[PDB]
Amino acid sequence: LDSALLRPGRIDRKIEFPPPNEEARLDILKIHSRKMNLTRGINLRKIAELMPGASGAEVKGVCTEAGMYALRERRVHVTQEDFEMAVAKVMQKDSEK
Amino acid sequence: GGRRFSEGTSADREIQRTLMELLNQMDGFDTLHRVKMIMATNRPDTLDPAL
Amino acid sequence: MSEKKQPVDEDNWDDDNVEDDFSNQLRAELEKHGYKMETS
Amino acid sequence: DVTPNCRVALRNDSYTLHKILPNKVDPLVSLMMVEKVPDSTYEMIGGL
Amino acid sequence: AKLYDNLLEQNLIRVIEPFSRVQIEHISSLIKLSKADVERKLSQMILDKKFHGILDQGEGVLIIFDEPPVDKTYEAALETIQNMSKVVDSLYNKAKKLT
Amino acid sequence: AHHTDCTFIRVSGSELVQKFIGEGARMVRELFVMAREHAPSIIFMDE
Amino acid sequence: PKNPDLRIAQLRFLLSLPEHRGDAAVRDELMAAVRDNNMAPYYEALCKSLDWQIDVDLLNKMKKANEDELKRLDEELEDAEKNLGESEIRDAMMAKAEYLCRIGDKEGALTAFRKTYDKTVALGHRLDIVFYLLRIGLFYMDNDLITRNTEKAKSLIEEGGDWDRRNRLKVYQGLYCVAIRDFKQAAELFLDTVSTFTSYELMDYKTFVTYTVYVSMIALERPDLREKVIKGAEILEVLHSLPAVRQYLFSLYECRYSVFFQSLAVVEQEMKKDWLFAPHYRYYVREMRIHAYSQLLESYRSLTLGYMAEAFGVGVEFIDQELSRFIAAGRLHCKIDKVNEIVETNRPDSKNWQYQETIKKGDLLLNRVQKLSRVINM
Amino acid sequence: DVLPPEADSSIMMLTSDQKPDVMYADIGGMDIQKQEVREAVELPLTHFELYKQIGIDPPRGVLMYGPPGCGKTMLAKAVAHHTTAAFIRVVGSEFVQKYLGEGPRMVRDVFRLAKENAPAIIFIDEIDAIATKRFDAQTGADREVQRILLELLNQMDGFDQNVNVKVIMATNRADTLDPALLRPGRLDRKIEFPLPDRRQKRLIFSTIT
Ligand SMILES: Nc1ncnc2c1ncn2[C@@H]1O[C@H](COP(=O)(O)OP(=O)(O)OP(=O)(O)O)[C@@H](O)[C@H]1O
Ligand SMILES: [Mg+2]
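Residues numbered from 1 in each chain as written, not as in the entry; some residues may be left out. Chains lettered and ligands numbered in written order. Part of a larger assembly, values for the part shown. Heavy atoms only, no water. Residues with missing side-chain atoms left out of burial classes, pairs and counts.

Method of structure determination, per the deposited record: cryo-EM was used for this entry, reaching 4.4 Å resolution.

Here it is in structure tokens:
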């Protein structure tokens, strides 16, 4: 961007936004996992480790999608293998180009 | 005809619309039977590939 | 108002019907059946 | 009570002012809504 | 086995159909099966209410009877009652408090 | 802006937005008319 | 903290009401009570308890430690407001007001809760505050205050799915519907038993399993028992850890009527000793008897009365006096013969029995609008 | 007097001499996208209470695009053929009427016909004929179009997830568009039509030959 925009009297504060670590991949699975109909016993930590830091949008990209597995097999409770089945598909799109 | 644009002048707007009217009118949702189209140009370079 | 001349001077109701029917009847079954085992 | 930027009821024969037409829109609420930003909160923040 | 339960009961509703009463000794002969498991199984029909009727222990006469009872009339007028009771409970909240 | 209750006004430079700013808005500074009208405000911009 | 706080109330029940059983409860309840800053909820429990004469210093060290937590709120509210965050005062006592709720009474726990209700613009704090008000609304059995925040609770789950805020919530409504004798609703709130979790209040998930089977065995019929609770793998394996309840459930399902009463005295006596079932275990087994009598008795028409002793449950005259008060109680639709020693059944068509409840409710609302129409307009 | 609703567009796709008789088997080599749009359109139409019960927010509208001759019209003919709900099929360059207001009324009455009629299915083609990018309030022929986009922009927002009114929109160039049309709450599902290379390609050879 502009150097006149990078005048030191111009900008008051610049704040960096890192990609999430394994802990910050866990809590977005937590918040995002709220509104789903779950099955008891999941171990979200493993699934948070299955993504090695894409961003905060691939969290929602997986965990929204995992209900399509349970719905396409006509479930009413989301099970944990839909999540690893979803990480295999979303991370394939990480592996595409 | 035209190819397309990135929306330069005001004139091409409704002309591109008039074109897309024609395109959907070619083979959109119709058994185009017994009606044969014969077209001509001097340059086939200024044309929509979708056409 | 309310002069009221004086010639003299849930939590309750489901408990009151089961109080009505469940009133005076043996009170302490752990042993009544276990003593009907051998007598009956 | 007459506000700038306010609709009115109007009679048609002499254009006599009839009645104040409530209110229409803010020029920021209108376009703002047209945008439809996804409103958020602290309770959906993941570790920041 | 589970298909044999539904086939057993498919025959069991089949032969029991045309009458009102019979003895267990004829239906045991007509399905060509015993009487104890058939008696218990008919009891399970009238326990699970899939078939309804009654049974006998003296000789085993199964009294079969059916009519669909009137149900829509009374209960659907009965839940309106407990709506309106709550409505009168709301009438405390605009009547008893107010005047 | 939601929590401190500031008027969260982003801009996109679109033309549907344009009719509410003005007839042409030869500047962008016509936005400040509505901005100081919602004076505790925050302007937001994309890349 | 309100997460272990129900066992406290159950052990208050364990202290007072079993009268002979009043020693280990005043041991372990004191063991929890004169620690973790508990001051308020046990003065009258000390009145029901023994003297415990020197509790003065015991209360003074804990109102002192309570004074430390209050004075550090008094150390917090002013640095919280000088540089204001998200109203960091109510952000401090939005979490330590529950310490004011367990430790303080409902007033400092209530206000501060309705206080901090207006702080968080999202329900992620609000609805959990509401869960706390529900849980104290159970502790003080505030049967009207639960009616408010149940609806105020439910008003927030529609936005979002919040199935950790709904499936958790249905556990609360099931505990209220089993608190009152509303058992067709209690099992209905207990319908899932999967999204229900290994909770804090039924820390045994299997205790929750026992409760939903005890309410369901009255609440639903066979067409539901012979598909629902018999084919659930989620229900079969957890009571596969249970010998008694597995036998107790299957003794009705496998027509095992004689061993059924054997386990019925044990389960019913456990329900006698249990908190919150202690209001209604009589109501339980008086239905269990007439249910087991009606189930067998709607199979036979000409079954004698001296059949049911050796096969159903022993005591011929016991069957006599038990049936006579049930036909005479107006249920158990049959007719017993005596001096030819045979019991006959009948069938009531659903035209009289269905009529009965109609005239009951009509008389009730007649009383209602009668009473109101007298009350208003002087 | 109050009126039953009316719209003078394609009435309702008269369903007798209206099926474009295109089977699903006529489309070879679209295994992902045909199943995927089946998930998006008629699966929440019928199996609505799975989306409701789990609560996974079934999509409001759907966009599809890509190079031309990629079955864009064809898949609409197949879904339009094998559908069960009422189907509305518009030629999206028709809102530019000579008279003013005929366009915006022509917007709202169609949606009222989808409202009144059924849990219905909208289809729009040539979205570039409306949704351009730049505008100019000096012609009126541009301003009318501006008011066209405002109406549909509002009326997509005027839903409540209760109606199963699913909007299918097919275009060719995604570039010549406003992403304010692509806001979530309005558009959440986007389907490119890439060209098959060999794999699905030989399937088209099997089907055509
Ligand atoms: N299985 C198939 N897959 C892809 N294309 C096919 C297939 N079968 C036939 N086609 C041809 O591809 C064309 C796709 O028709 P359609 O009108 O849907 O194209 P389109 O993608 O809408 O492009 P346009 O918008 O330019 O018409 C058809 O005209 C047909 O001749
Ligand atoms: Mg086409």
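A word on the overall build of chain A
Worth spelling out the cut-off: Helix and strand labels come from DSSP, where a helix needs a run of H or I of at least four residues and a strand needs a run of E of at least two; each type is numbered from the N terminus. The globule rule used for comparison is 2.2 Å times the number of residues to the exponent 0.38, while the radius of gyration itself is calculated over C-alpha atoms. When checking whether two residues touch, look at their non-hydrogen atoms; a contact exists if any pair is within 4.5 Å.
For chain A, the count of helices and strands is 4 helices and 0 strands. Ordered by position from N to C terminus, the α and β elements of chain A give α-α-α-α. Here the C-alpha atoms of chain A give a radius of gyration of 18 Å, more than 25% beyond the 13 Å that 2.2 N^0.38 yields for 97 residues. Projected onto its principal axes, the C-alpha coordinates of chain A cover approximately 60 × 30 × 20 Å. Sequence separation of 24 or more characterises 58% of the internal contacts of chain A that already satisfy a separation of 6 or more.

Observations concerning the interface of chain G and chain A
Convention followed: Joining two parts hides part of their accessible area as seen by a 1.4 Å probe, and the buried area is that hidden amount summed over both. Think of a salt bridge as a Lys or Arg side-chain nitrogen and an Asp or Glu carboxyl oxygen that are within 4 Å of each other. Nitrogen and oxygen atoms within 3.5 Å of one another constitute a polar contact, given that in protein one can donate a hydrogen and the other can accept it, and given that sequence-neighbouring residues count only through two side-chain atoms. Side-chain classes are defined by residue name, with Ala, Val, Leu, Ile, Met, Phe, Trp, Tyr, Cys and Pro counting as nonpolar, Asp, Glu, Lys and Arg as charged, and the others, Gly among them, as polar.
Residue-level contacts link 11 residues of chain G with 8 residues of chain A. A buried area of about 690 Å², summed over both sides, lies between chain G and chain A, and 56% of it is on carbon and sulfur atoms. If you look at where chain G meets chain A, you find 1 salt bridge. Between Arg34 of chain A and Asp164 of chain G there is a salt bridge; the shortest N-O distance is 3.0 Å. On the surface where chain G and chain A come into contact, there are 3 residue pairs in polar contact. Each residue belonging to the side of chain G that touches chain A can be placed in one class, and the counts come to 3 nonpolar, 5 polar and 3 charged.

Topic: the packing of aromatic side chains
All names here are of chain G. Just so we agree on the cut-off: Centres within 6.5 Å make a pair out of two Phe, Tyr or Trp rings, where for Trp the six-membered ring is used; the pair is then stacked when the planes are under 30 degrees apart, edge-to-face when over 60, and tilted otherwise. Between buried and exposed lies partly exposed: a residue is buried under 20% and exposed over 50% of the maximum accessible area for its type, with that area taken using a 1.4 Å probe on protein chains only.
Scanning all chains against the criterion turns up 16 aromatic pairs over all chains. Here the aromatic rings of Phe260 and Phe261 are separated by 6.2 Å at their centres, their planes lie at 80 degrees, and the arrangement is edge-to-face. Summarising the burial analysis for this pair, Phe260 and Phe261 share the class buried. Ring-pair connections join several aromatic residues into one group, and the members of that group are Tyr214, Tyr248, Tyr257, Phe260, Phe261, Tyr293, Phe312 and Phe326.

Description of the packing of helix 3 (residues 56-72) of chain A against helix 4 (residues 81-94) of chain A
Residue and element names in this part refer to chain A. Note the cut-off: A fitted line through C-alpha atoms serves as each axis, taken over the contacting stretch for helices, and the angle formed by two N-to-C directions is quoted from 0 to 180°. Relative orientations are named as follows: roughly parallel for angles under 35 degrees, roughly antiparallel for angles over 145 degrees, roughly perpendicular for angles from 65 to 115 degrees, and oblique for any other angle. Crossings are assigned a handedness: left-handed for a near helix turned anticlockwise from the far helix by less than a right angle, right-handed for a clockwise turn.
Where helix 3 contacts helix 4, the two axes come as close as 8 Å, and the packing angle between them is 125 degrees. Relative to helix 4, helix 3 is oriented oblique. In the packing of helix 3 onto helix 4, the handedness of the crossing is right-handed. In this structure, helix 3 contributes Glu58, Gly61, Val62, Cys63, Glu65, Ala66, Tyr69 and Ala70 to the contact, and helix 4 contributes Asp82, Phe83, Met85, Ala86, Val87, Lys89, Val90 and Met91. Of the residues belonging to the contact of helix 3 with helix 4, the class tally is 11 nonpolar, 1 polar and 4 charged.

Describing the sheet that holds strand 1 (residues 61-64) of chain H
All names here are of chain H. Selection criterion: Here a strand pair is declared whenever DSSP counts at least two bridges between the two strands.
Spatially, the 5 strands line up as an open sheet ordered 2-3-4-1-5, and their pairing is parallel. Each having just a single partner strand, strand 2 (87-91) and strand 5 (187-191) make up the two edges of the open sheet. Between one strand axis and the next, the sheet turns by 20 degrees as a mean value, whatever way the strands run. As defined by bridge partners, strand 2 adjoins strand 3 (residues 121-125) across 5 bridges and the pair is classed as parallel. By the bridge assignment for strand 3, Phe87 is matched with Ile121.

Re the pattern of salt bridges
Taken as a whole and judged by the stated rule, the model has 39 salt bridges over all chains. Residues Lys89 of chain A and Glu65 of chain A are paired through a salt bridge, measuring 2.6 Å at the closest nitrogen-oxygen approach. Of this pair, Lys89 of chain A sits in helix 4 while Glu65 of chain A sits in helix 3, and the two are 24 residues apart along the sequence. Ionic pairing is found between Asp182 of chain G and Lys184 of chain G, a salt bridge with its closest N-O pair at 3.4 Å. Residue class for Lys184 of chain G comes out exposed when judged on its relative accessible area of 58%. One salt-bridge network, held together by shared partners, links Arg34 of chain A together with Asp164 and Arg168 of chain G.

Quick word on empty space enclosed by the protein
Applicable threshold: Here a cavity denotes a set of grid points, spaced 1 Å apart and computed over the protein atoms alone, in which a 1.4 Å probe fits but from which it cannot get out, and a pocket denotes an open set meeting protein on both sides within 12 Å along at least five of seven lines; residues with an atom within 4 Å of a point are reported as lining. Grid points are joined across faces, edges and corners, and a volume is the space filled by probe spheres set on the points.
Looking at the largest cavity, its volume works out to about 300 Å³. In terms of lining residues, the largest cavity is bounded by 19 residues, among which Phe95, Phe111, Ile124, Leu152 and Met169 of chain H are the most central. When contributions to the lining of the largest cavity are tallied by element, the ones reaching two or more residues are helix 5 (102-117), strand 3, helix 6 (143-157) and strand 4 (166-170) of chain H. Residue composition of the lining of the largest cavity, grouped by class: 17 nonpolar, 1 polar and 1 charged. Approximately 120 Å³ is the volume attributed to the second largest cavity. Forming the boundary of the second largest cavity are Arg12, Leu15, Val26, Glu29, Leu30, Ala33, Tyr42, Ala45, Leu46, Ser49, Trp52 and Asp55 of chain G. Every element with two or more residues in the lining of the second largest cavity is listed here: helix 1 (5-16), helix 2 (24-33) and helix 3 (43-48) of chain G. No other element matches the 4 residues that helix 2 of chain G contributes to the lining of the second largest cavity. For the lining of the second largest cavity, a count of residues per class yields 8 nonpolar, 1 polar and 3 charged.

Quick look at the interface of chain E and chain G
Contacts between chain E and chain G engage 31 residues on the former and 31 residues on the latter. The contact between chain E and chain G buries some 2600 Å² in all, and 64% of this surface belongs to carbon and sulfur atoms. Where chain E meets chain G, there are 4 salt bridges. With its nearest N and O atoms 3.8 Å apart, the salt bridge here joins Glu221 of chain G to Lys49 of chain E. At the surface where chain E touches chain G, the tally comes to 8 residue pairs in polar contact. Put simply, the parts of the chain that give the side of chain E that touches chain G at least two residues each are helix 3 (36-48) and helix 4 (72-96) of chain E. Split into classes, the residues belonging to the side of chain E that touches chain G amount to 17 nonpolar, 4 polar and 10 charged.

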